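Working notes, structure below.
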Amino acid sequence: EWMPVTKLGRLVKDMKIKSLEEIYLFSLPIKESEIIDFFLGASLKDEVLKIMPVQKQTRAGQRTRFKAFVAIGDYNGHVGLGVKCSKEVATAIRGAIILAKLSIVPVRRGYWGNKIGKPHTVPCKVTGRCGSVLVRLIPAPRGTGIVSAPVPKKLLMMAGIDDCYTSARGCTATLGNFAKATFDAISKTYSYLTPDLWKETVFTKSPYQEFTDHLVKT
Amino acid sequence: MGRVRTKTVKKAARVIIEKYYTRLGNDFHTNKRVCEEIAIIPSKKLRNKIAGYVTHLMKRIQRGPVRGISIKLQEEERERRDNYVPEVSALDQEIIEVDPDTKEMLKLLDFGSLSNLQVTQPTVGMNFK
Amino acid sequence: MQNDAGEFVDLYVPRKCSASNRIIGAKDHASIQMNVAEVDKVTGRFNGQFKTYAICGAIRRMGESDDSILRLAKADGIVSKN
Amino acid sequence: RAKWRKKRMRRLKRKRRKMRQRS
Amino acid sequence: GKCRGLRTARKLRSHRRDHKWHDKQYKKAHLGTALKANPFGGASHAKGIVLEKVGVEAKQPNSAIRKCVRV
Amino acid sequence: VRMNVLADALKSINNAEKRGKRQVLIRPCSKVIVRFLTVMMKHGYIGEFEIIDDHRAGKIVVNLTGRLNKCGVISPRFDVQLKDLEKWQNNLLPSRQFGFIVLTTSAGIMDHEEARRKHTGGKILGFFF
Amino acid sequence: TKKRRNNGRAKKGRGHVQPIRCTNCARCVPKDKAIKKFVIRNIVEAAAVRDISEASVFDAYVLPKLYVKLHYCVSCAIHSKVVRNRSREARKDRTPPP
Amino acid sequence: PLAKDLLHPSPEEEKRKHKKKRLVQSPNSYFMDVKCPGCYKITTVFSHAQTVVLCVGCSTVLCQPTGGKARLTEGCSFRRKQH
Amino acid sequence: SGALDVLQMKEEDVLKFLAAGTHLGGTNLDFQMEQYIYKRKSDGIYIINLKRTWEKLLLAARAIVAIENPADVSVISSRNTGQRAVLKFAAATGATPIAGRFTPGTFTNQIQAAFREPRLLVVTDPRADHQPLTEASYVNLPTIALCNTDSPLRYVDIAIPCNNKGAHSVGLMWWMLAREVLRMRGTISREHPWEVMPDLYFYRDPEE
RNA sequence: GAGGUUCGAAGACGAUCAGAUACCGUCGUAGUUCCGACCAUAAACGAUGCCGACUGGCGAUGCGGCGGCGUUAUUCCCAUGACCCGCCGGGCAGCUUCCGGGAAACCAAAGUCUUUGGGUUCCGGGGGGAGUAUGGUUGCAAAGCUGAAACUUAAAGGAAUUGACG
Ligand SMILES: [Mg+2]
Ligand SMILES: [Mg+2]
Ligand SMILES: [Mg+2]
Ligand SMILES: [Mg+2]
Ligand SMILES: [Mg+2]
Ligand SMILES: [Mg+2]
Ligand SMILES: [Mg+2]
Ligand SMILES: [Mg+2]
């Protein structure tokens, strides 16, 4: 059972906000993993990437503590990456999913060239880069599938990108920032400023502002 | 040396006083067994040790009020101080000490008000590197 | 994003800063959207409606926002001729 | 050190000049 | 930086030419040495006569005798 | 020194629009500048620019909008033979769905789409998208 | 790993600049480098001030001062506790605080 | 910052700009039509002089030259206003 | 805000501004504030344009008023000169106050006693109380401030250019905001002055 | 070639040390000093090629100019000159910041780089072997410059982390 402490939390559980597009729109911090659990019930299948044991050194032996990465996505728009370090593998994983859940974003997908059917690839050639490593996502005509290393494939397959050729380099071994560079790749699809956008925004109220009556609850 | 106080005492002590300022006094053995009433202090050492600050904070209070403290009179006292005010704080009677340039600001406004303006002295500036 | 059948794809259309026309992040938390009221015209009194008004993070952390609030506000007839 | 091996070789080569030039 | 110009097709070619005698993997292949040095004269395998059997001692971390042939 | 007066200018009008600058002037000016900026005007990539006529070279002052992500310049003007035009617009523009390689052919300065309608090649200048 | 942006040195805009040999180790150092105390010690010191002010033939009398420009190489500056050895944030804070 | 109407710069903030940096390059110099006490004759002296400006008459000497503007001699007037 | 007619600057108001010295800025000048100044005198003290000073003041009003629920406006002061002030507009409007320590992520944290997801900050000095501004980067928090000439404008919706130095002047601003925010909508005529004096708004030093 | 103030490789003794052909001492040659030829290298270091464009603050200062508001002086003013307050060019520099960079340390620039090309010079391609051998050349010579391979080798290294020992 909930006890949503955040207002954005409260609004979610009373069928008040209709689709999380209404959150992303206003750039609001999700801070309760259960929110995304309302709003993508089922779907949202969660793949561990790696369990790499870090370990810090001390007067007696080495503190060893695990780092789990988890990827999350619904093969349809939304994906996330969660990195949690803990003393134990099951704690890490369980509590990384909780972050991945939080830090999911939508990916804008576009179109090869002929403007027909449904969106199978990335709009532009976005890049994303995490400390050395960098990953470029090139648009892709249908049927091609994903054309990358395992790890970005496992994040892109999740995003509901169907097709993409990539170009990556740095120290691609270092999985964390194989995956975190190609987090910021697929974040920056929706940051790509194309003509297709280019219309002045109509603008709308806000969840806090429309439903300010229900937050001062009755 | 032997005895500086522990935070089980420092916290409980401060919290009794916050809640029973009127009940306590500046003796030991009185407020000593007030603490037996208003609390469930298990050990005699602690029971007794607590009336430690219960006194050391009354000896402070009469002399002065703590910068951070729990009290009922002080909060009541603070409200009274706030209410008192001059009839007009900013009225400044008639005649403000105004720079000629400040007079210039008014002119752009186009407002007209009483005031003599004085500018004097060399442009010394501020500070001596 | 239409296609053959004028078909509006893309699960949302983002907001877009008023000051830079630059598209405002999904997780750009230093965003704003300032709502500013108008008056009756005669007496005073917010009664009526609303000058909504957004700004990105980058412009905030640059230090501007208020330069770029004014200029918009005084275009929109809220502020006037200082 | 660096300085005292560059100075080793610039003494040692000078011995191969001397050794060589005999023949 | 790089030379970048439009009638610079040589300064470029001749740049990317010599800055291969600093590659290691080509200075095997294109110099001479290799063909001259490897008993296998550029040849995949080769035949030879066993002149004695010699045990070789493996490199420290792994102790053992390796059992080879002088050919 | 000033070798190429585009690269000069286009750096400074990419390099404002990052900062969100409302408008910028471009110091040297040229015909080629004007003629390639007026291309950017049509697809929206900038607003109206107003060229000063200092008696010597020219200055321009470009109204920017938010819309230009980058404009750049291919510095040597390679000769584009129409079969290559694709291979370029593959590896020099973010998608096949927008992005404009401004170049300079037989029939004036223009984007790559307009050289393709007229079926001409010619010399690449730059690209905005 | 440039420790001091400056290089503990205070050159900038030059080249070889006068070397000066220390007042302890006799060790050679640049002028811009090197710690430069300048002591204005009283001659008589704290104790004798009043022995000497009795025995003075003259009346009142200010007494002089030695104006020595001490002038240490960094080695002796650290060994003999003129400066010390600070934290990474602290290394920067160039004020001189009594 | 984010809105400087470069094309219509207020008159003050070109005079605090180096001559060539301005919106249009103009000079920061001038000629002055100079009296001097003896003769009534007026010479057309250029502020930034370089040379010594002698009187059309003879004896007197108008302008010692210095770094920037010219040093007028002792008691003589001038007239900017033109163009 | 740009008071085209009715909500103009008036005369009784101006004399307050002069009396307290709210136009007498600091010696130095953060450039973001060269829109809101006319001269420096000699000595080297900058002079704020009481006209812009006000327009802005209303601009904050328009924005606070905008807030449907008046008790989701955080009102901060860390420096003491506002301490009293903020409590008193907060009581006047029915907004929510923070005097003393901007406490650890009252904007972030779903566990600390204090969080608050307020929809607008108001601050005495951006210079001093400069956490909440920065926490207001992690939530989508607009932000009114009571800037000086020497004040950075990282993270401010809107800057009200003032003194925010001599307690005397500070209060005034916390008044006029309070005043306007109740004139706009609330419960004041426009024609008549307040029951409420300034004297209530600008702190007292140890005095009696 | 001139000269021999000190200091001082080398060099001589005294100590110290298990030893010190080292440091710590006491002597003192070449040289450090001059004038005339060569040599042509530094951690010759901002470990940042040169020219050119663009992008933020804020303080200071050297020079020049410009403007202003000061006055000490300096005289009846002056001219000055000396301080004050500004602006302007180009100099040496400082701080500060989520520009933007940057593996990192850091960097108004190392910024404008998968959003890849303003011009151009040099130059690196795992570590050693090796700056060696050999060849050529310059040099009176130390040496300078040009400059390989077989062989061996898995890391050597850089930036930051905890350790832990000084
Ligand atoms: Mg013989
Ligand atoms: Mg040097
Ligand atoms: Mg000699
Ligand atoms: Mg000795
Ligand atoms: Mg060298
Ligand atoms: Mg570099
Ligand atoms: Mg490149
Ligand atoms: Mg090698």
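Residue numbering restarts at 1 in every chain; chains get A, B, ... in the order shown in the structure tokens, and ligands count up from 1 in that same order.
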Identify all chain J residues at most 8 Å from chain E by counting only C-alpha atoms (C1' of nucleotides); ligands do not count. Present them as a ChimeraX atom specification.
/J:117,120,125,149-150
Within 10 Å of ligand 5, counting only C-alpha atoms (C1' of nucleotides) and all ligand atoms: which residues, as a PDB file with N, CA, C and O atoms (P, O5', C5', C4', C3', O3' and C1' of nucleotides), in the first residue's frame?
```pdb
ATOM      1  P     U J  41      71.778  21.716 -30.341  1.00  0.00           P
ATOM      2  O5'   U J  41      71.084  20.950 -29.135  1.00  0.00           O
ATOM      3  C5'   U J  41      71.748  19.814 -28.562  1.00  0.00           C
ATOM      4  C4'   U J  41      72.060  20.034 -27.097  1.00  0.00           C
ATOM      5  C3'   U J  41      70.855  20.211 -26.182  1.00  0.00           C
ATOM      6  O3'   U J  41      70.335  18.932 -25.808  1.00  0.00           O
ATOM      7  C1'   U J  41      72.694  21.638 -25.561  1.00  0.00           C
ATOM      8  P     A J  42      68.883  18.785 -25.120  1.00  0.00           P
ATOM      9  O5'   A J  42      69.083  19.515 -23.723  1.00  0.00           O
ATOM     10  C5'   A J  42      68.060  20.382 -23.244  1.00  0.00           C
ATOM     11  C4'   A J  42      68.082  20.447 -21.743  1.00  0.00           C
ATOM     12  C3'   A J  42      66.796  21.018 -21.151  1.00  0.00           C
ATOM     13  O3'   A J  42      65.887  19.962 -20.822  1.00  0.00           O
ATOM     14  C1'   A J  42      68.658  22.293 -20.435  1.00  0.00           C
ATOM     15  P     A J  44      64.711  24.046 -18.191  1.00  0.00           P
ATOM     16  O5'   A J  44      64.704  23.454 -19.672  1.00  0.00           O
ATOM     17  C5'   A J  44      64.047  24.044 -20.814  1.00  0.00           C
ATOM     18  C4'   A J  44      64.823  25.218 -21.357  1.00  0.00           C
ATOM     19  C3'   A J  44      64.370  25.763 -22.705  1.00  0.00           C
ATOM     20  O3'   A J  44      63.116  26.470 -22.620  1.00  0.00           O
ATOM     21  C1'   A J  44      66.745  25.667 -22.651  1.00  0.00           C
TER      22        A J  44
END
```
All residues 10 Å or closer to residue B:38, only C-alpha atoms (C1' of nucleotides), same chain fewer than 5 positions away omitted, as a ChimeraX atom specification:
/B:16,19-20,23,33
Give the alpha helix (DSSP H) residues of chain D, as DSSP finds them on the backbone, and put them as a ChimeraX atom specification.
/D:3-21
Using N, CA and C atoms, can you write the selected residues to a file as a PDB file, in the first residue's frame?
```pdb
ATOM      1  N   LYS D   3      70.855  11.949 -15.969  1.00  0.00           N
ATOM      2  CA  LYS D   3      72.114  12.718 -16.204  1.00  0.00           C
ATOM      3  C   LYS D   3      73.368  11.821 -16.070  1.00  0.00           C
ATOM      4  N   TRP D   4      73.400  10.885 -15.098  1.00  0.00           N
ATOM      5  CA  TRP D   4      74.574   9.984 -14.880  1.00  0.00           C
ATOM      6  C   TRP D   4      74.534   8.639 -15.629  1.00  0.00           C
ATOM      7  N   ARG D   5      73.631   8.463 -16.595  1.00  0.00           N
ATOM      8  CA  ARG D   5      73.786   7.374 -17.583  1.00  0.00           C
ATOM      9  C   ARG D   5      74.050   7.879 -19.023  1.00  0.00           C
ATOM     10  N   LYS D   6      73.456   9.016 -19.386  1.00  0.00           N
ATOM     11  CA  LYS D   6      73.841   9.790 -20.582  1.00  0.00           C
ATOM     12  C   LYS D   6      75.351  10.105 -20.475  1.00  0.00           C
ATOM     13  N   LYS D   7      75.843  10.309 -19.243  1.00  0.00           N
ATOM     14  CA  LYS D   7      77.281  10.534 -18.937  1.00  0.00           C
ATOM     15  C   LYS D   7      78.094   9.238 -18.845  1.00  0.00           C
ATOM     16  N   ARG D   8      77.438   8.120 -18.548  1.00  0.00           N
ATOM     17  CA  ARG D   8      78.038   6.783 -18.720  1.00  0.00           C
ATOM     18  C   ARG D   8      78.391   6.463 -20.172  1.00  0.00           C
ATOM     19  N   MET D   9      77.382   6.517 -21.035  1.00  0.00           N
ATOM     20  CA  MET D   9      77.544   6.245 -22.472  1.00  0.00           C
ATOM     21  C   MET D   9      78.493   7.211 -23.196  1.00  0.00           C
ATOM     22  N   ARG D  10      78.414   8.509 -22.889  1.00  0.00           N
ATOM     23  CA  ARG D  10      79.343   9.503 -23.460  1.00  0.00           C
ATOM     24  C   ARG D  10      80.809   9.349 -22.928  1.00  0.00           C
ATOM     25  N   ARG D  11      81.026   8.497 -21.903  1.00  0.00           N
ATOM     26  CA  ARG D  11      82.374   7.957 -21.513  1.00  0.00           C
ATOM     27  C   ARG D  11      82.698   6.619 -22.186  1.00  0.00           C
ATOM     28  N   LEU D  12      81.692   5.762 -22.289  1.00  0.00           N
ATOM     29  CA  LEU D  12      81.837   4.426 -22.875  1.00  0.00           C
ATOM     30  C   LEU D  12      82.066   4.434 -24.392  1.00  0.00           C
ATOM     31  N   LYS D  13      81.310   5.250 -25.128  1.00  0.00           N
ATOM     32  CA  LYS D  13      81.497   5.395 -26.583  1.00  0.00           C
ATOM     33  C   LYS D  13      82.881   5.926 -26.883  1.00  0.00           C
ATOM     34  N   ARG D  14      83.312   6.901 -26.094  1.00  0.00           N
ATOM     35  CA  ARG D  14      84.645   7.481 -26.211  1.00  0.00           C
ATOM     36  C   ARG D  14      85.751   6.419 -26.060  1.00  0.00           C
ATOM     37  N   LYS D  15      85.475   5.340 -25.319  1.00  0.00           N
ATOM     38  CA  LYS D  15      86.353   4.145 -25.292  1.00  0.00           C
ATOM     39  C   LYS D  15      86.312   3.274 -26.552  1.00  0.00           C
ATOM     40  N   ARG D  16      85.175   3.220 -27.242  1.00  0.00           N
ATOM     41  CA  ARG D  16      85.070   2.520 -28.539  1.00  0.00           C
ATOM     42  C   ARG D  16      85.686   3.293 -29.702  1.00  0.00           C
ATOM     43  N   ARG D  17      85.621   4.631 -29.689  1.00  0.00           N
ATOM     44  CA  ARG D  17      86.442   5.462 -30.602  1.00  0.00           C
ATOM     45  C   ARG D  17      87.903   5.039 -30.441  1.00  0.00           C
ATOM     46  N   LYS D  18      88.397   5.157 -29.207  1.00  0.00           N
ATOM     47  CA  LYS D  18      89.792   4.858 -28.851  1.00  0.00           C
ATOM     48  C   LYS D  18      90.190   3.415 -29.216  1.00  0.00           C
ATOM     49  N   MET D  19      89.348   2.450 -28.850  1.00  0.00           N
ATOM     50  CA  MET D  19      89.562   1.030 -29.202  1.00  0.00           C
ATOM     51  C   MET D  19      89.585   0.795 -30.703  1.00  0.00           C
ATOM     52  N   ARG D  20      88.635   1.407 -31.400  1.00  0.00           N
ATOM     53  CA  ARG D  20      88.491   1.251 -32.851  1.00  0.00           C
ATOM     54  C   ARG D  20      89.657   1.840 -33.611  1.00  0.00           C
ATOM     55  N   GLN D  21      89.982   3.088 -33.292  1.00  0.00           N
ATOM     56  CA  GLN D  21      90.966   3.873 -34.040  1.00  0.00           C
ATOM     57  C   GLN D  21      92.349   3.216 -34.095  1.00  0.00           C
TER      58      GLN D  21
END
```
As a list in words, could you give me every residue of chain I near chain C (at most 6 Å apart, counting only C-alpha atoms)?
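Interface list for chain I against chain C: residues 1, 2, 62, 63, 66, 137, 138, 139, 140, 142, 153, 154, 155, 157, 158, 184 and 185 of chain I.
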Output the neighbourhood of ligand 4 as a PyMOL selection string, that is, all protein and nucleic acid residues with some atom at most 12 Å from the ligand, counting only C-alpha atoms (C1' of nucleotides) and all ligand atoms.
chain J and resi 7-9+11-14+22-28
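Note that atom CA of residue G:22 and atom CA of residue G:72 are 5.0 Å apart.
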